[PDB]
K.L.:
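Pasting in a structure now, in structure tokens, and then I'll have a few things to ask.
Computation of the quantities below employed the complete heavy-atom set of this structure, encompassing side-chain atoms and omitting hydrogens, waters and symmetry-equivalent molecules. Note on naming: letters A, B, ... go to the chains in the order of the sequence lines (proteins, then strands), and numbering restarts at 1 for each one.
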Amino acid sequence: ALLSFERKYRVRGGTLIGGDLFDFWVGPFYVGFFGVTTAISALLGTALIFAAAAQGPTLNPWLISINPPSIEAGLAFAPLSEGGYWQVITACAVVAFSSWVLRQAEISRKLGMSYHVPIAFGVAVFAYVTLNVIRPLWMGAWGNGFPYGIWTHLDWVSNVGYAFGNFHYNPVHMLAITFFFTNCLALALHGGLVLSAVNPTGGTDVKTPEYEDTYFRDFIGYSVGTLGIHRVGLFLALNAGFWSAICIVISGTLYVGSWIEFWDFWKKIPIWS
Amino acid sequence: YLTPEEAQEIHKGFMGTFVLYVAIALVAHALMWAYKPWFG
Amino acid sequence: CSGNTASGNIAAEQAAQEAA
Amino acid sequence: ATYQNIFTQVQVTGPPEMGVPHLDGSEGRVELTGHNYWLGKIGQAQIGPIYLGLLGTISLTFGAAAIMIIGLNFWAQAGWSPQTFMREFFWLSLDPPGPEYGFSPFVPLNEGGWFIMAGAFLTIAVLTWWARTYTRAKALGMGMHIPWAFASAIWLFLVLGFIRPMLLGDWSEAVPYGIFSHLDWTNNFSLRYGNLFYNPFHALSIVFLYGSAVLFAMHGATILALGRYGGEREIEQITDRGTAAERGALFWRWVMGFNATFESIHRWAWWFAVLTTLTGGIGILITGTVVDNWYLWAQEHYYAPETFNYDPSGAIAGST
Amino acid sequence: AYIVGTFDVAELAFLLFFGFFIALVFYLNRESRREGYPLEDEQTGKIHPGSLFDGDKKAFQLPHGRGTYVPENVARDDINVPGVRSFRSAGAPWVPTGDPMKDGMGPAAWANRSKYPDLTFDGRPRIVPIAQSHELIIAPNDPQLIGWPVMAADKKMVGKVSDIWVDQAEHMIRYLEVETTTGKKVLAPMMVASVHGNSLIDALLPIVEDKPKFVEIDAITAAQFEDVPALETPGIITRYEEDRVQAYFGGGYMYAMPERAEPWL
Amino acid sequence: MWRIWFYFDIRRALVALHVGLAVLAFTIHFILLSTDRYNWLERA
Amino acid sequence: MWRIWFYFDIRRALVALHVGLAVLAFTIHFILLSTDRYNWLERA
Amino acid sequence: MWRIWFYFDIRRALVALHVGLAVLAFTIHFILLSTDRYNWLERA
Amino acid sequence: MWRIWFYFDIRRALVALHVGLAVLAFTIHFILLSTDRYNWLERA
Amino acid sequence: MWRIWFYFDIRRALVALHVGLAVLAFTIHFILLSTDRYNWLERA
Amino acid sequence: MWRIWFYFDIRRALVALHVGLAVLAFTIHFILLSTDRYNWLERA
Amino acid sequence: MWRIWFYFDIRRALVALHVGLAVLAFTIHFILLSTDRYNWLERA
Amino acid sequence: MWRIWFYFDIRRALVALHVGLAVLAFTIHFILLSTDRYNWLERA
Amino acid sequence: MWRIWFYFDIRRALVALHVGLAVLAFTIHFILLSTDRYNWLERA
Amino acid sequence: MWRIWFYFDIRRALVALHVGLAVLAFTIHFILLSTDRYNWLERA
Amino acid sequence: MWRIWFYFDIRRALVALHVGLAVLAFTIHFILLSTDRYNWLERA
Ligand code: BCL
Ligand code: BCL
Ligand code: BCL
Ligand SMILES: CC[C@H]1c2cc3[nH]c4c(c3C)C(=O)[C@H](C(=O)OC)c4c3nc(cc4[nH]c(cc(n2)[C@@H]1C)c(C(C)=O)c4C)[C@@H](C)[C@@H]3CCC(=O)OC/C=C(/C)CCC[C@H](C)CCC[C@H](C)CCCC(C)C
Ligand SMILES: COC1=C(OC)C(=O)C(C/C=C(\C)CC/C=C(\C)CC/C=C(/C)CC/C=C(/C)CC/C=C(/C)CC/C=C(\C)CC/C=C(\C)CCC=C(C)C)=C(C)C1=O
Ligand SMILES: COC(C)(C)C/C=C/C(C)=C/C=C/C(C=O)=C/C=C/C(C)=C/C=C/C=C(C)/C=C/C=C(C)/C=C/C1=C(C)C[C@@H](O)CC1(C)C
Ligand SMILES: COC(C)(C)C/C=C/C(C)=C/C=C/C(C=O)=C/C=C/C(C)=C/C=C/C=C(C)/C=C/C=C(C)/C=C/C1=C(C)C[C@@H](O)CC1(C)C
Ligand SMILES: COC(C)(C)C/C=C/C(C)=C/C=C/C(C=O)=C/C=C/C(C)=C/C=C/C=C(C)/C=C/C=C(C)/C=C/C1=C(C)C[C@@H](O)CC1(C)C
Ligand SMILES: COC(C)(C)C/C=C/C(C)=C/C=C/C(C=O)=C/C=C/C(C)=C/C=C/C=C(C)/C=C/C=C(C)/C=C/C1=C(C)C[C@@H](O)CC1(C)C
Ligand SMILES: COC(C)(C)CCC/C(C)=C/C=C/C(C)=C/C=C/C(C)=C/C=C\C=C(C)\C=C\C=C(C)\C=C\C=C(/C)CCCC(C)(C)OC
Ligand SMILES: [Fe+3]
């Protein structure tokens, strides 16, 4: 009951698992059963990250890298110093993200809201699971996963991308990039329009939604509306995440080779060649 | 449609057109088989 | 995770595949 | 059974709304209006009307000129063959002048003159479009947030096309006009300057692009989940706090321990979106002009990994 | 490339942006503190002092001559809520003492909104029955919804649809008027109403289907429809009344039946 | 057998059937064009 | 057979048929042009 | 033959017909200019 | 025949005609300038 | 004829005309600067 | 002691405890499978 | 003791138990397949 | 000393304490397993 | 047993069944085309 | 003549004219600076 | 001095202090484990 209106909303119920067992708050944070699971998994994952780092060549936070086992090890559980730490941290991260989704669902139920936020975050959880669980399983080795390091997973991204020639020629990658760019443009437009509506110039009063409609019809000839903009932004962000997961999952499992050669299909269409 | 009579007339037309379509496709497939069989 | 050990997988890749 | 606020079940149709009157001297809206039923499923079905002042006319004419120049150069590159045009469209490109010309404004038309002309007309069109968004905001008494957000993207665009080539004195550093060609330019730019991953401003721009995707996902999901309480009517919630604003704040306060307001969330979104292109333009401008090898620069600042930190040979081998 | 020692231009730019971003985060937190602050104690309700980095209060110039808003001056909620803590701790939930839907607790809670209706830019009431709108009609290929049966959360037929309320600014249906068996007319949010018999896939499907065309409201039961908050003036709904109706329907997803508040187990 | 039309609308069924038939026919013709054996245009 | 015009609108069927037939003819002519055997313009 | 007008919009029909005619004519001219046999600009 | 102006608004028709003619003239001049035989600015 | 001004506002017509003239003049001056024959700034 | 049931409900505690026991048992079994000494499946 | 069914819904308990049993059985079968000793499909 | 229970409720305190104890115990056991000296499973 | 039609609408059931049969048949035909033993178009 | 001020606002026309003049002057000065012949800053 | 409790709530102060102490102690122990001089698990 910190916020001036918070107290009346802090009621029992809305939990999926646990009921009244963990139905309480700790400061601003609601816990629930999935909050307990999130706390355990996330704290264990962080502690194991730092335990594996202490066994590594450096404690520099830039250069800390918890690496997966070698490809020759296949899909077996490796020794902790030889990639097992990475596997345990991956399991902890999966559990933590799933528990975060379920805690968001419980909090949505407590406030009389639908499950839009848990589903939206579950899209990103699916992207991560595709990156570090599904793709290594399909490829046959845990060594295909990206390392747990701030700058070494960028090295993983670079090397995996260049293993296919130029990763820019992946068409699902093109679609995901288009969704990302359109999302950022849409977010700029939506934030700017709302702020300009509530922060007028020239000493005028706060505007109505008719003013936003008029502004975007004078600008580009069309206005999507107040509900439509949030629908479109959610669609764009979720599509960006989902198509990122799809684009990475098919490279190395379904498509092997240079993505540049794929576009030789276009030149062979009998309509123009 | 709604009554059995309209449904029967629609079925008559559909069956006639389907039979004509199948006959044309059969002639085409027979000509192709005579030209280049796909079962050696 | 599979039912094998990492050492067994590495030995199989080296000897049974990369050595013969 | 439960409505999920994804598609509008029943649409309301009526006479087209021509907009609130302008507070300045405007010529008058071109009353070309339409109605799209399928757009009304997601948002508003009304198309139009449109405003075409001096700025809109200039922008449309100069952008048409630039696009015509690029397309006619594509047609010439295809040998005027429509089939070759279709076959090689992704590979057609209007390329910048070669390094032997420096940053000279006088290049033969087929060697880069058309490229310079198209860049000039495109820049004129983009700048007049920015001026048009500024004047459209001014005509309604609204704020200038959208003009500044557009100015950030224009800053990145101008750094890519004119400012950086001007500072280096090399037209050949500019981005070619082509689908696959500008991707090739992106890849080559990363390759010649070490590795653009280690540009700290490229990393910052990635941070803000990722965060904008995150922010739009969270904000759209929250607003749609708050449709039961009029969450999408954000202007009225900002100027008169309802239960939708309270629930939206409390959800994120209970999730992560802190929250924004219905107005503050849009400031967060605006700043993330703007900072993406701001940091991107800053990082591109200093590449080559200030730093020529970003991996060396990262090595000097103790954040460049080696093989003893992580060896990517296995990941490469898996992907072959 | 170095400015002095190992300091260079790129490093200077990065440090400048890092400082600017810290300042921007502080500014964004200041903006986020404008609603609901200062904080208060969970039990005693004692108000916390306030941030050292706060500035001035924000004043909104309202349209239609409604004055100024000043969100920092919004009256704090009453400390005495109609509930009792499950256990005596600062983090325990409140169990409502009576009817949460009537008293406004948890998902059924409402805010003290303005007691006048929202207006269009020219001053007309924004949310009005579709007859009072300015030539606004339902899409001809869309469900008419007038006279359709209404299903409640307990699968009972509470009544029928007698009127449609639309937003004159956004051109959207906001409320459906439902006449119940007892004859009382109540407003139900369109966001809690599922329209059946109008599926896009079913229209695409080449079938002749006599699906029942009705409106399902699974938020509240048929009896609860008799306790929907009423309007002070016919044809007009205020912001406070809108919040009341929306809170009453939204709280039903937890409070319509006891099982809705219980874990799956 | 005629009673099928009491369940499926004839207009929509015909439209969907013809769209599917067009897609299938174009797919088969393009597949045949791809093959060296059944290509009827490149060689005499 | 003539009863077809009781289930399909002629004013839309004609437009759709003509557009599709034009696209088909364009595609076939382009395919023929793409082959050396049937190209009627490149050589005398 | 004249019975195609009391139900077909002469405006839309003319607009679509002229758009198609322009597209076809430009396509055909561009094909002839791409051929060495029929190009009328590069050589005397 | 003048009756064409009963079906077509001449403001829109004139705007579209002048835009299309400008595009066509620019295209033709560009094509001519692209050829060595008809380029009139490169050499004396 | 002066009657042209009964259908087109003189302000809009003048604005569009001068915008088009600006684009044309800039294009021509740029093309002239692109050629060594007509470039008046590179050499004496 | 039994008084622990005055602050925690048996129905929810049993579910939470069994979930934790399941995860712990799976972790221990997988750890045993990763060692050559205790792996019971790879070799005889 | 049937007391359990007074506090746990039989339907939910059965669904959860069968989901867990399915996941466990699939995991064990996949683990057995992964090993050469117990794989029953690759070799005779 | 007992007055600590005047400021912290037993339920949340016990939950947090056991979460922390679980995290710490798992961390220490994993760290011991990662070292050759204290690995009790790999060798006899 | 006809009683199943009490619990299922045969219109949507038939639509879903036909969609599934189409997907299965196309998958099987494509898989057969993939194999060199059962490919029937590449060679005689 | 002076009647041009019946159709164009003096404020808007003046602002637009001065912005255009600024852009043109900057463009011409930049072009002159870019030439060796007219550069006035790099050599004496 | 005891008067510090008139400005700071003991519950919030103790929880903040212990979270900080935990993080600092874990940081120090992890730093010591990294160095071979102070590592107490790798060697005898
Ligand atoms: C080596 C191949 C031969 C050749 C072999 C054949 C064969 C075989 C056939 C044709 C037929 C046609 N040929 Mg030929 N043809 C050749 C070269 C040409 C050339 C050229 C550039 O040299 C042209 C312009 C044509 C033109 C034509 C058309 C008149 C006709 C197909 C149009 C049609 O009726 O269906 C389109 C159907 C419609 C209903 C048209 C729709 C009406 C539209 C909507 C209104 C007009 C608007 C606009 C013009 C539409 C055009 C736009 C584009 C097509 C998309 N041929 C070469 C020399 N040609 C066909 C024919 O005789 O048709 C009766 C035919 O069977
Ligand atoms: C091999 C490839 C390189 C790489 C090379 C580059 C280069 C080079 C650049 C980036 C840039 C970026 N990179 Mg990178 N990048 C790499 C890998 C990544 C990865 C990853 C692997 O996950 C990610 C997330 C990114 C992400 C990003 C973005 C954050 C950033 C551009 C975003 C943007 O604002 O949109 C793009 C938005 C614009 C371009 C603004 C456009 C606005 C204008 C006004 C629009 C005009 C449109 C016009 C009117 C339309 C008509 C035109 C006519 C038809 C012609 N890169 C690797 C290391 N990357 C850019 C940057 O700024 O970073 C420092 C950049 O220049
Ligand atoms: C070479 C180093 C020496 C060593 C030298 C020293 C020296 C010197 C000192 C200690 C001290 C401590 N050492 Mg020692 N210590 C060593 C190895 C160990 C090992 C082991 C490897 O198993 C353990 C478990 C410990 C344990 C401890 C603690 C009992 C004690 C810190 C008290 C404290 O307040 O914790 C902090 C934790 C809390 C306040 C929270 C309570 C913890 C509960 C269980 C919750 C855990 C939280 C969870 C894991 C994660 C949450 C993190 C945040 C809250 C978000 N040492 C090695 C052998 N050790 C210090 C001491 O005696 O202080 C009194 C001290 O000065
Ligand atoms: C539409 C897809 C996009 C998306 C959606 C989005 N993100 C979201 C949400 C949504 C809708 C949330 O509701 C959720 C949230 O609650 O934010 C406040 C969240 C979130 N997005 C987050 C991060 C994030 N999202 C990302 C991406 C995206 N988010 C997308 C592009 C990225 C990228 C691109 O990498 C980042 C880093 C967090 C701020 C939050 C998720 C909070 C969470 O998961 O809680 C668990 C608690 C923890 C303490 C974390 C677990 C700790 C681990 C066990 C240890 C670390 C393991 C890790 C694998 C180490 C590797 C790191 C290295 C790569 C450096
Ligand atoms: C309009 O409505 C909206 C708002 O306000 C009304 C919003 O605020 C928002 C939210 C948005 C913002 C406030 C803007 C800022 C957000 C950004 C940049 C994106 C998120 C990124 C971040 C880095 C923020 C921080 C993210 C986190 C995950 C931090 C989480 C931290 C912690 C400590 C979580 C702890 C909680 C748990 C583990 C669960 C509970 C368990 C416990 C308490 C453990 C108990 C046991 C012990 C031992 C203590 C949205 C989206 C919105 O739409
Ligand atoms: C890769 O494979 C390739 C190479 C592509 C080969 C594959 C190709 C394939 C699979 C193609 C398949 C094609 C196909 C498969 O059915 C085509 C069918 C075409 C048909 C049915 C054409 C029909 C045309 C009918 C027409 C034009 C009728 C017009 C009638 C009109 C306009 C009548 C008007 C009227 C008249 C006169 C009198 C007035 O008073 C009133 C009114 C009554 C209005
Ligand atoms: C490929 O490209 C290259 C290489 C360039 C080759 C091709 C080039 C091509 C195709 C170019 C084509 C060009 C073209 C093709 O028509 C040009 C036409 C130009 C024309 C028609 C120009 C006309 C100008 C008229 C002007 C300036 C009139 C101004 C009048 C004014 C300002 C009057 C104001 C007034 C006054 C005083 C008094 C008031 O009481 C009334 C009022 C009225 C207000
Ligand atoms: C992998 O892929 C490769 C390598 C290709 C291998 C695999 C290939 C596979 C799996 C292919 C499968 C194909 C398939 C699987 O069913 C096809 C079925 C086709 C069917 C049922 C076609 C039916 C056609 C019927 C037609 C055309 C009927 C038309 C009727 C009409 C138009 C009637 C009108 C009417 C009239 C006159 C009078 C009025 O008074 C009443 C009224 C009624 C209005
Ligand atoms: C580049 O960076 C490097 C390399 C580091 C070089 C540069 C370093 C630089 C620039 C550093 C600059 C540092 C700096 C520049 O000012 C520091 C200033 C520090 C100061 C002012 C510290 C002051 C501390 C005061 C303290 C701890 C007071 C505590 C008082 C307490 C807790 C009192 C409590 C109370 C009590 C008992 C009784 C109650 O009745 C009343 C109440 C009051 C509640
Ligand atoms: C159908 O056929 C027709 C011909 C009718 C239409 C054809 C249409 C087609 C097919 C068009 C296709 C266009 C495509 C595919 C374009 C793709 C472009 C892409 C991908 C571009 C990407 C990036 C481009 C950038 C960043 C460009 C920036 C350029 C700038 C900023 C240039 C500035 C130049 C200036 C300021 C001019 C200076 C002039 C000077 C120096 C002389 O004086 C100051
Ligand atoms: Fe919003």
K.L.:
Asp205(A) and side chain to side chain contact (heavy atoms under 4.5 Å, CB included): which partner among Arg66(E), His64(E), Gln61(E)?
P.N.:
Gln61(E)
K.L.:
Using non-hydrogen atoms only, which part of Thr204(A) is less than 4.5 Å away from chain E: side chain, backbone, both, or neither?
P.N.:
backbone
K.L.:
So do the side chains of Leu39(E) and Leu3(A) get within less than 4.5 Å of each other, counting heavy atoms only?
P.N.:
yes
K.L.:
Heavy atoms, side chains only, cut-off 4.5 Å: are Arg126(E) and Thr208(A) in contact?
P.N.:
yes
K.L.:
When only pairs under 4.5 Å are counted, which of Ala169(E), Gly250(E), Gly45(E) shares the most heavy-atom pairs with chain A?
P.N.:
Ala169(E)
K.L.:
Would one find more than 12 heavy atoms of other residues, nucleotides or ligands at under 6.0 Å from atom CZ of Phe50(A)?
P.N.:
no
K.L.:
At a 4.5 Å cut-off on heavy atoms, which part of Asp20(A) comes close to chain E: side chain, backbone, both, or neither?
P.N.:
neither
K.L.:
Is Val198(A) in contact with chain E via its backbone, its side chain, both, or neither, using a 4.5 Å heavy-atom distance?
P.N.:
both
K.L.:
With heavy-atom distances below 4.5 Å as the criterion, would you say the side chains of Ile17(A) and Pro263(E) are in contact?
P.N.:
no
K.L.:
Between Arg7(A) and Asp77(E) (salt bridge meaning N to carboxylate O under 4.0 Å), is one present in this structure?
P.N.:
no
K.L.:
Considering residues at least two apart in sequence or located in another chain, which fulfil the ring pair (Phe, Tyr, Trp, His ring centres under 6.0 Å) criterion with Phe235(A)?
P.N.:
none
K.L.:
Where does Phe87(E) contact chain A at under 4.5 Å (heavy atoms): side chain, backbone, both or neither?
P.N.:
side chain
K.L.:
Answer with side chain, backbone, both or neither: which region of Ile47(E) has an atom nearer than 4.5 Å to a non-hydrogen atom of chain A?
P.N.:
neither
K.L.:
Hey, which of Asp41(E), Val74(E), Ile79(E), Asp78(E) has the most heavy atom pairs under 4.5 Å with chain A?
P.N.:
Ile79(E)
K.L.:
For chain E, find which of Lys207(A), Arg10(A), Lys110(A) contributes the most heavy-atom pairs closer than 4.5 angstrom.
P.N.:
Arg10(A)
K.L.:
Are any of the side-chain heavy atoms of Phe24(A) and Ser86(E) separated by less than 4.5 Å?
P.N.:
no
K.L.:
Using non-hydrogen atoms and a limit below 4.5 Å, what part of residues 209-220 of chain A faces chain E?
P.N.:
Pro209(A), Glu210(A), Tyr211(A)
K.L.:
Within a reach of under 6.0 Å around CZ of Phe26(E), are more than 12 heavy atoms found that belong to other residues, nucleotides or ligands?
P.N.:
no
K.L.:
Chain A: which of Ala109(E), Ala247(E), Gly36(E) shares the most heavy-atom pairs with it under 4.5 Å?
P.N.:
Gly36(E)
K.L.:
How would you list, by chain and number, every residue that makes a ring pair (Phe, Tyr, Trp, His ring centres under 6.0 Å) with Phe5(A), sequence neighbours excluded?
P.N.:
none
K.L.:
Who in residues 112-122 of chain E is close to chain A, using a strict under-4.5 Å heavy-atom cut-off?
P.N.:
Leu119(E), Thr120(E), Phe121(E)
K.L.:
For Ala90(E), is it the side chain, the backbone, both or neither that has a heavy atom under 4.5 Å from a heavy atom of chain A?
P.N.:
backbone
K.L.:
Please find the pair of heavy atoms, one from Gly106(E) and one from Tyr9(A), that lie closest to each other, and give the distance.
P.N.:
O-CD2, 3.3 Å
K.L.:
Does atom NE2 of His48(E) have more than 12 heavy-atom neighbours from other groups under 6.0 Å away?
P.N.:
yes
K.L.:
In terms of heavy-atom proximity below 4.5 Å to chain A, should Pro38(E) be classed as side chain, backbone, both, or neither?
P.N.:
backbone
K.L.:
Measure distances from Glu40(E) to the heavy atoms of chain A and classify the residue's part below 4.5 Å as side chain, backbone, both or neither.
P.N.:
both
K.L.:
Report the option among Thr226(A), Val26(A), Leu111(A) that has the most heavy-atom pairs separated by less than 4.5 Å from atoms of chain E.
P.N.:
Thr226(A)
K.L.:
Measure the spacing between CD of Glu170(E) and CG of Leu227(A) and express it to the nearest 0.5 Å.
P.N.:
8.5 Å
